[PDB]
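Visitor: Just passing along the structure, written as structure tokens.
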Amino acid sequence: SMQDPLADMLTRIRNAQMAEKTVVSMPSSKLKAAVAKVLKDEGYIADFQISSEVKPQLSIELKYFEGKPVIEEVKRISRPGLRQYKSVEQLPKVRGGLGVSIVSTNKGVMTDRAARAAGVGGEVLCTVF
Amino acid sequence: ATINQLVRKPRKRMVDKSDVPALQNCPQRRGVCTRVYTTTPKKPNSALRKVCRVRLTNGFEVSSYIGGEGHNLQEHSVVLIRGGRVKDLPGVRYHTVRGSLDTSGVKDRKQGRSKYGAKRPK
Amino acid sequence: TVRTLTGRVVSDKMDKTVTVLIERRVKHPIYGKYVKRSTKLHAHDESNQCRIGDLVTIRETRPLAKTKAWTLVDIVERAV
Amino acid sequence: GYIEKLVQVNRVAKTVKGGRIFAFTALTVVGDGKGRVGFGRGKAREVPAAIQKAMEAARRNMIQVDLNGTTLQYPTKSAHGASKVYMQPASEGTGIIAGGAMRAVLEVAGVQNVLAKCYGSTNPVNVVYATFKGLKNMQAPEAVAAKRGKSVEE
Amino acid sequence: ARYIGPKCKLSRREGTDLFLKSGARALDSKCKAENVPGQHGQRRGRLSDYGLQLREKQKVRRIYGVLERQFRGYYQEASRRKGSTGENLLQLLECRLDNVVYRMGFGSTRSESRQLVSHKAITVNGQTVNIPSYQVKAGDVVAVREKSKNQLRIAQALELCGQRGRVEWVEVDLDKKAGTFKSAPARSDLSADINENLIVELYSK
RNA sequence: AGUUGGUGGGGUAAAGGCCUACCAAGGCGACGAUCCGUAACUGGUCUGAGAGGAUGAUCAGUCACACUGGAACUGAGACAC
RNA sequence: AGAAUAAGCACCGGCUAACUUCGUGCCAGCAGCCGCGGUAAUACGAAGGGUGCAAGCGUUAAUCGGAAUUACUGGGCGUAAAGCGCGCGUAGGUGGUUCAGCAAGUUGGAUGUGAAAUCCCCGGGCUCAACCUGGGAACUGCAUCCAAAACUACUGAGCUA
RNA sequence: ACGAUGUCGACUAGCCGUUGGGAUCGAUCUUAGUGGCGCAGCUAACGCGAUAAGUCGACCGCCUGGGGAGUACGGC
Ligand SMILES: [Mg+2]
Ligand SMILES: [Mg+2]
Ligand SMILES: [Mg+2]
Ligand SMILES: [Mg+2]
Ligand SMILES: [Mg+2]
Ligand SMILES: [Mg+2]
Ligand SMILES: [Mg+2]
Ligand SMILES: [Mg+2]
Ligand SMILES: [Mg+2]
Ligand SMILES: [Mg+2]
Ligand SMILES: [Mg+2]
Ligand SMILES: [Mg+2]
Ligand SMILES: [Mg+2]
Ligand SMILES: [Mg+2]
Ligand SMILES: [Mg+2]
Ligand SMILES: [Mg+2]
Ligand SMILES: [Mg+2]
Ligand SMILES: [Mg+2]
Ligand SMILES: [Mg+2]
Ligand SMILES: [Mg+2]
Ligand SMILES: [Mg+2]
Ligand SMILES: [Mg+2]
Ligand SMILES: [Mg+2]
Ligand SMILES: [Mg+2]
Ligand SMILES: [Mg+2]
Ligand SMILES: [Mg+2]
Ligand SMILES: [Mg+2]
Ligand SMILES: [Mg+2]
Ligand SMILES: [Mg+2]
Ligand SMILES: [Mg+2]
Ligand SMILES: [Mg+2]
Ligand SMILES: [Mg+2]
Ligand SMILES: [Mg+2]
Ligand SMILES: [Mg+2]
Ligand SMILES: [Mg+2]
Ligand SMILES: [Mg+2]
Ligand SMILES: [Mg+2]
Ligand SMILES: [Mg+2]
Ligand SMILES: [Mg+2]
Ligand SMILES: [Mg+2]
Ligand SMILES: [Mg+2]
Ligand SMILES: [Mg+2]
Ligand SMILES: [Mg+2]
Ligand SMILES: [Mg+2]
Ligand SMILES: [Mg+2]
Ligand SMILES: [Mg+2]
Ligand SMILES: [Mg+2]
Ligand SMILES: [Mg+2]
Ligand SMILES: [Mg+2]
Ligand SMILES: [Mg+2]
Numbered sequence: 520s521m522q523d524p525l526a527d528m529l530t531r532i533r534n535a536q537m538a539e540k541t542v543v544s545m546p547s548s549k550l551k552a553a554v555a556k557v558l559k560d561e562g563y564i565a566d567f568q569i570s571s572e573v574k575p576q577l578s579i580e581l582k583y584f585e586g587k588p589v590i591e592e593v594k595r596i597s598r599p600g601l602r603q604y605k606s607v608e609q610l611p612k613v614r615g616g617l618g619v620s621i622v623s624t625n626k627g628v629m630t631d632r633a634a635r636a637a638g639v640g641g642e643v644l645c646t647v648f
Numbered sequence: 307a308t309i310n311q312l313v314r315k316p317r318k319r320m321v322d323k324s325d326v327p328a329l330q331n332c333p334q335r336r337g338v339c340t341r342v343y344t345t346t347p348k349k350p351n352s353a354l355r356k357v358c359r360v361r362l363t364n365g366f367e368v369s370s371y372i373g374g375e376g377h378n379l380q381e382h383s384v385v386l387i388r389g390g391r392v393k394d395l396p397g398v399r400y401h402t403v404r405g406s407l408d409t410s411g412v413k414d415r416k417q418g419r420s421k422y423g424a425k426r427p428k
Numbered sequence: 772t773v774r775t776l777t778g779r780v781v782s783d784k785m786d787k788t789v790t791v792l793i794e795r796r797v798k799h800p801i802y803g804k805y806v807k808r809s810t811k812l813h814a815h816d817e818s819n820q821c822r823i824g825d826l827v828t829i830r831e832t833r834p835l836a837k838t839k840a841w842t843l844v845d846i847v848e849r850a851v
Numbered sequence: 008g009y010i011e012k013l014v015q016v017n018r019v020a021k022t023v024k025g026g027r028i029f030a031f032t033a034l035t036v037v038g039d040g041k042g043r044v045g046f047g048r049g050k051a052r053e054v055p056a057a058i059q060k061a062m063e064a065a066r067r068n069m070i071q072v073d074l075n076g077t078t079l080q081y082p083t084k085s086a087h088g089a090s091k092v093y094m095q096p097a098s099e100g101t102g103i104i105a106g107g108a109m110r111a112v113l114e115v116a117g118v119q120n121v122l123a124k125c126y127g128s129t130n131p132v133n134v135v136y137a138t139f140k141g142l143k144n145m146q147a148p149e150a151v152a153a154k155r156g157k158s159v160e161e
Numbered sequence: 105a106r107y108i109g110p111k112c113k114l115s116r117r118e119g120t121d122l123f124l125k126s127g128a129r130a131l132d133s134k135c136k137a138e139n140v141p142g143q144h145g146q147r148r149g150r151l152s153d154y155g156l157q158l159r160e161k162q163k164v165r166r167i168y169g170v171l172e173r174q175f176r177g178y179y180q181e182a183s184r185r186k187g188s189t190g191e192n193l194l195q196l197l198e199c200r201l202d203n204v205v206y207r208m209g210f211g212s213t214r215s216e217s218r219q220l221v222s223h224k225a226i227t228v229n230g231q232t233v234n235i236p237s238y239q240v241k242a243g244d245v246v247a248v249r250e251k252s253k254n255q256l257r258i259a260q261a262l263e264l265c266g267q268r269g270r271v272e273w274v275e276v277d278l279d280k281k282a283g284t285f286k287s288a289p290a291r292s293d294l295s296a297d298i299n300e301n302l303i304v305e306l307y308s309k
């Protein structure tokens, strides 16, 4: 009953990429907005925009390049049932370094390589390829 | 199983029981032969195998197989038995070592005559 | 710099003593999930000023009785 | 590409009034050794003819895989039916650490250091299916750069 | 220990080079070295992968005359050593003392080289070494005894090995019956027909 | 039911229900108390890609015992191979 | 001085490297699993001939692996074993969104310990190795402090999906 | 005691019926149930397919070869 909304955001994005949609809307959240900013900067999504009037809506437009979608495998790691926390040395490199992992560190929400550049670990939110 | 369910009750391994309950973690054991006789095998096969009832040192009463073409076992002969299950005879789970105490091995065996306790003709 | 320990008062029916529950969350050695464990300690309340429900911080000293080797240094929160 | 490899030969039978009719199925993998590979199946009344039909099928529908200089790109996990497959790149010294259908597929394709394992059922046909469904789907660099420039992605 | 028996029945079984004689006449016109021995000899006998591993492992062991406890110890040491164990095994197995005193040209056969090395007739720096397993460090001047320099068996072995090839990494002075090893051989130096990877595949199972 | 806490005293080299007389009814427990079976513990050993699984032969640290059950004397130290 | 003086065991139908003949004829016998034998047995018992190890070779008993076959890494429940007959609810587990604080979890660092040996890396000695030995690495652990505030927890004040 | 399918929540092409209501101009839209097909996706296959057996979260129950056996003994 809406216990974990970040996985809900990821599931909406994956289900749209599977049904070949161009835009996706969802209820807005600060964590979701941070993750969307990181994903947009990394290049997995085209653009995102946040509405106003008390019930903000986060909207994301998707990319496909070829007939396939750009985000082929997005999944959750630290669900509210495990709460996985990792150190700098033991952070996960995904797909041999061609993917990214979103990590919430004490300096904000960034990617695994950016976290290593600052030598700081945190909580692994989700992995994207 | 959910992680919480496993925390409340962890996964448990089931122990493996021994196929040779007698001779408790022992390579082979001595006994005395109560009775020698012959038996019929299971359905696909047909023969007259030679099995001896043995009373061990501990007290277990077991059956054992006299492997070979001839034997010299009477009722009161001391024998030594080792693990190994005769697949054909129901209930037999041990083998009498040839030429150990009162078996003397089998005579005039040339090919692989170490499993049957025969000496080198040389 | 005394090594204190914070806890919640549970029962005080024995004179000049107080029972304190201290809650910790330990990580399961294999499954990686945190579980809340609790410890019951007995502390010396010289002037029995701690009623039930109060939240206090104790300190380790020499044994005062059998199974009583802690003394409360000061109450940090009261109860309703 | 031309390097044969006969993965399996099996005997099957169908029932008719009077008795049984026998046939032989051959599963084979064919490739060159630098990234082209395909697999084929052939059933015939005789073992040789089955092998040649398998080879002809294998030469058709032969695909291209982008390998990382005698090594895989990244650890990958694939599946087909009830069979699951895991592979990951290895160092230069290591050989092909795999078993059965996987070893045939990998040594024909061109890789040499694979360190692979398989879980679930071990049917050679389904294992070959899973191994291609894994190898075919790798991306290689400057193709994950389908988002932005390179050297800012690795 | 050591192997005693026919030295070409092995070649007939394996069907390959398998140097085991002096090489005076030839390799062929002694034993029709193209058929496996015994009554059942003409059959090619197509053999599975395990056959391949067993056959080449026996090939290498018989050419270098090493037993299997020693061979597996050699393989474990090679696996311990870094950098593509497959050729590390060959490099380390080549540095044996008996095979060096053979390949230096002092012996007609590996067995005769072992004969010489065991009976205390060869030096390393003047010190008596008679273990046919000594791993010769690069730089050592392997030589025969000043007493033994007049034996004619060494002379005949040397003149026979005078035409067998040049390895192009050792520096050998032939007048004084001495050898010298500079650096370990490369993979390309040895005969590039038998692969090393199939052995490490065998021992990885 | 000396069971939990307090007071006075005793006792030990030393804190302490360690012992005693009174005061109150407390204390522990499904986070497994009590009871039954089994077993010296650790560094470590064997396996395993790892996580784990089994285990405590040699060597080293700690503990306990000395035909069975108790008790004290001597001393710096013993309830004494 | 003298080649003098010192080779055995198992196996050969498939899994698993290695075949022919003779003798019995569902008998005698073999066997880890499929299984061989009733009158040409490469599976029984012997011969030759091979294959594998070797001062050893097999057999038995015991542990882990293969076994993703107790699945944290890493399994499942319509029909193969597996959703309580169905609600309500205690402890427990989990918690929509905003602002602010704190610093238990979380992260980085410093300090003390983690006995020696054993494990790992580079050397030294016994003709090498086994074995002995120097230096280093490691011992994921634990405790005490300093700094950060994204997420969880705790505190206060809100908002309406 | 069966949908042989635990409860709760979020997303994912469409077509044809029917039950209890709303709107807009017999038609269109929408809501809570009840049925038949069907694209993706899933499945060993049969088949499921917005009333998932699809993609995801929270919590609970249960399984570990067939017999002996849901039996024997003890407890309630
Ligand atoms: Mg057995
Ligand atoms: Mg299976
Ligand atoms: Mg030896
Ligand atoms: Mg009293
Ligand atoms: Mg007092
Ligand atoms: Mg008192
Ligand atoms: Mg005490
Ligand atoms: Mg208990
Ligand atoms: Mg014990
Ligand atoms: Mg005991
Ligand atoms: Mg123990
Ligand atoms: Mg004891
Ligand atoms: Mg190891
Ligand atoms: Mg494993
Ligand atoms: Mg002892
Ligand atoms: Mg000790
Ligand atoms: Mg004592
Ligand atoms: Mg005593
Ligand atoms: Mg006695
Ligand atoms: Mg006494
Ligand atoms: Mg005294
Ligand atoms: Mg004494
Ligand atoms: Mg074979
Ligand atoms: Mg046999
Ligand atoms: Mg015959
Ligand atoms: Mg035979
Ligand atoms: Mg396991
Ligand atoms: Mg097992
Ligand atoms: Mg799991
Ligand atoms: Mg299963
Ligand atoms: Mg049924
Ligand atoms: Mg139900
Ligand atoms: Mg219930
Ligand atoms: Mg309820
Ligand atoms: Mg509650
Ligand atoms: Mg929240
Ligand atoms: Mg809560
Ligand atoms: Mg820390
Ligand atoms: Mg140490
Ligand atoms: Mg701060
Ligand atoms: Mg049911
Ligand atoms: Mg359900
Ligand atoms: Mg439901
Ligand atoms: Mg449901
Ligand atoms: Mg639903
Ligand atoms: Mg349908
Ligand atoms: Mg199913
Ligand atoms: Mg059972
Ligand atoms: Mg009953
Ligand atoms: Mg009853």
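Taken in order, these protein sequences are the chains called W, Z, X, F and B. The first sequence runs 520 to 648 under my numbering. The second sequence runs 307 to 428 under my numbering. The third sequence runs 772 to 851 under my numbering. The fourth sequence runs 8 to 161 under my numbering. The fifth sequence runs 105 to 309 under my numbering. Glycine included, each C-beta is placed from N, C-alpha and C at the ideal position.
Taking all protein chains shown into account, decide if residue 841 of chain X is buried (16 or more other Cβ within 10 angstroms of its Cβ) or exposed.
Guide: What you label residue 841 of chain X is simply residue 70 of the third sequence in a count that begins at 1. Classification of residue 841 of chain X: buried, given that the 10 Å Cβ count is 16 or more.
Visitor: Per DSSP, residue 778 of chain X is paired with what?
Guide: Mapped onto the third sequence, residue 778 of chain X falls at position 7. Answer is X:827.
Visitor: Cα separation between residue 97 of chain F and residue 188 of chain B?
Guide: Taking the fourth sequence and counting its residues from 1, the one referred to as residue 97 of chain F is at position 90. Taking the fifth sequence and counting its residues from 1, the one referred to as residue 188 of chain B is at position 84. Spanning the two alpha carbons is a distance of roughly 12 Å.
Visitor: If you scan the segment 524 to 600 of chain W from start to end, which runs of the beta strand (DSSP E) of 3 or more residues do you find wholly inside it?
Guide: Taking only runs of at least 3 residues, the beta strand (DSSP E) segments lying wholly in the segment 524 to 600 of chain W are 542 to 546, 566 to 569, 576 to 580 and 593 to 595.
Visitor: Could you check whether the Cβ of residue 594 of chain W sits closer than 9 Å to any Cβ belonging to chain F?
Guide: Your numbering for residue 594 of chain W matches position 75 in the first sequence. Cβ-Cβ to chain F under 9 Å: no for residue 594 of chain W.
Visitor: Please state the DSSP three-state secondary structure of residue 189 of chain B.
Guide: Your numbering for residue 189 of chain B matches position 85 in the fifth sequence. Looking at residue 189 of chain B - three-state DSSP - the assignment turns out to be helix.
Visitor: Can you tell me which of Z:347, Z:317, Z:368 and Z:353 puts its alpha carbon nearest to the alpha carbon of residue 339 of chain Z?
Guide: What you label residue 339 of chain Z is simply residue 33 of the second sequence in a count that begins at 1. Of Z:347, Z:317, Z:368 and Z:353, the residue nearest in Cα terms is Z:368.
Visitor: Determine whether the beta carbon atoms of residue 72 of chain F and residue 137 of chain F lie at a separation below 9 Å.
Guide: By one-based count along the fourth sequence, residue 72 of chain F stands at place 65. By one-based count along the fourth sequence, residue 137 of chain F stands at place 130. No.
Visitor: From residue 246 of chain B to residue 284 of chain B, what does the alpha carbon distance come to, in whole angstroms?
Guide: By one-based count along the fifth sequence, residue 246 of chain B stands at place 142. By one-based count along the fifth sequence, residue 284 of chain B stands at place 180. Roughly 6 Å between the two C-alpha positions.
Visitor: Would you list, in chain order, the members of the segment 582 to 614 of chain W that have their beta-carbon closer than 7 Å to a beta-carbon of chain X?
Guide: Taking 7 Å as the Cβ-Cβ cut-off against chain X, the residues of the segment 582 to 614 of chain W that qualify are 601.
Visitor: Name the two residues that bound the continuous alpha helix (DSSP H) containing residue 117 of chain B.
Guide: Along the fifth sequence, read from residue 1 onward, the residue named residue 117 of chain B stands at position 13. 113 to 118 is the span of the alpha helix (DSSP H), which, as asked, contains residue 117 of chain B.
Visitor: Buried or exposed: which applies to residue 560 of chain W, given that a residue is buried once 16 or more other Cβ atoms fall within 10 Å of its Cβ?
Guide: Taking the first residue of the first sequence as 1, we reach residue 560 of chain W at position 41. Per the 10 Å Cβ criterion, exposed.
Visitor: Would you please verify whether the beta carbon of residue 642 of chain W is less than 9 Å from any beta carbon of chain F?
Guide: Start at 1 with the first residue of the first sequence, and residue 642 of chain W comes out as number 123. By this cut-off, residue 642 of chain W is not an interface position.
Visitor: Below 7 Å CB to CB, which residues in the same chain sit around residue 7 of chain F once its five sequence neighbours on both sides are set aside?
Guide: As displayed, chain F neither begins before 8 nor continues past 161, which places residue 7 of chain F out of reach and without an answer.
Visitor: Sorted by chain position, which residues of the same chain lie with C-beta nearer than 6 Å to residue 169 of chain B's C-beta, five sequence neighbours on each side aside?
Guide: The sequence position of residue 169 of chain B within the fifth sequence is 65, counting from 1. Hits under 6 Å: 214.
Visitor: Okay, do the segment 607 to 616 of chain W and the segment 569 to 589 of chain W touch, 3+ Cβ pairs below 8 Å being the bar?
Guide: Cβ pair count under 8 Å is below three, so no.
Visitor: Excluding sequence positions up to five away, which residues of its chain have a Cβ less than 8 Å from the Cβ of residue 37 of chain F?
Guide: The residue given as residue 37 of chain F occupies position 30 in the fourth sequence. These residues qualify, in order along the chain: 8, 9, 10, 11, 12, 44, 45, 46, 47, 62, 65, 66, 69 and 115.
Visitor: Using a Cβ cut-off of 9 Å, which residues of the segment 308 to 325 of chain Z contact any Cβ in chain X, in chain order?
Guide: If the cut-off is 9 Å between Cβ atoms, the segment 308 to 325 of chain Z has 309, 310, 312, 313 and 316 near chain X.
Visitor: Would residue 627 of chain W pass as an interface residue toward chain F - the criterion being a Cβ-Cβ separation below 9 Å?
Guide: Within the first sequence, numbered from 1, the residue matching residue 627 of chain W stands at position 108. Closer than 9 Å: no.
Visitor: Measuring only between beta-carbons, confirm whether residue 100 of chain F sits less than 9 Å from chain B.
Guide: Looking up residue 100 of chain F in the fourth sequence gives position 93. Yes, its Cβ sits closer than 9 Å to a Cβ of chain B.
Visitor: Does residue 236 of chain B pass the burial test, meaning 16 or more other C-beta atoms within 10 Å, or should it be called exposed?
Guide: On the fifth sequence, residue 236 of chain B is found 132 positions in, with the first residue counted as 1. With 16 or more Cβ atoms within 10 Å of its Cβ, residue 236 of chain B is classed as buried.
Visitor: Please list, in chain order, the chain W residues whose beta carbon lies closer than 7 Å to that of residue 140 of chain F.
Guide: For this step, residue 140 of chain F is matched to residue 133 along the fourth sequence. Result: empty, since nearest Cβ-Cβ is about 14 Å, beyond 7 Å.
Visitor: If you count every other CB in all the chains shown that lies within 10 Å of the CB of residue 550 of chain W, and 16 or more means buried, which is it?
Guide: Numbered from 1 along the first sequence, position 31 holds the residue referred to as residue 550 of chain W. Its Cβ having fewer than 16 others within 10 Å, residue 550 of chain W is exposed.
Visitor: Which residue marks the beginning of the alpha helix (DSSP H) containing residue 265 of chain B, and which one marks its end?
Guide: On the fifth sequence, position 161 is the one that residue 265 of chain B refers to. Start and end: 256 to 265.
Visitor: For residue 58 of chain F, would you say it is in contact with chain B, using Cβ-to-Cβ distances shorter than 9 Å as the test?
Guide: Residue numbering aside, residue 58 of chain F sits at position 51 when the fourth sequence is read from its first letter. By this cut-off, residue 58 of chain F is not an interface position.
Visitor: If we cut at 9 Å on Cβ distances, does residue 121 of chain F have a partner in chain W?
Guide: Residue mapping note: residue 121 of chain F aligns to position 114 of the fourth sequence, counting from 1. Not closer than 9 Å to any Cβ of chain W, the Cβ of residue 121 of chain F fails to qualify, so no.
Visitor: Closer than 8 Å, Cβ to Cβ, to anything on chain W: give me those residues from the segment 790 to 808 of chain X, in chain order.
Guide: Of all residues in the segment 790 to 808 of chain X, 803, 804 and 805 have a Cβ within less than 8 Å of some Cβ in chain W.
Visitor: Threshold first: 4 residues or longer. Then list the alpha helix (DSSP H) segments lying entirely within the segment 115 to 148 of chain F, N to C.
Guide: Qualifying alpha helix (DSSP H) stretches, in chain order: 131 to 142.
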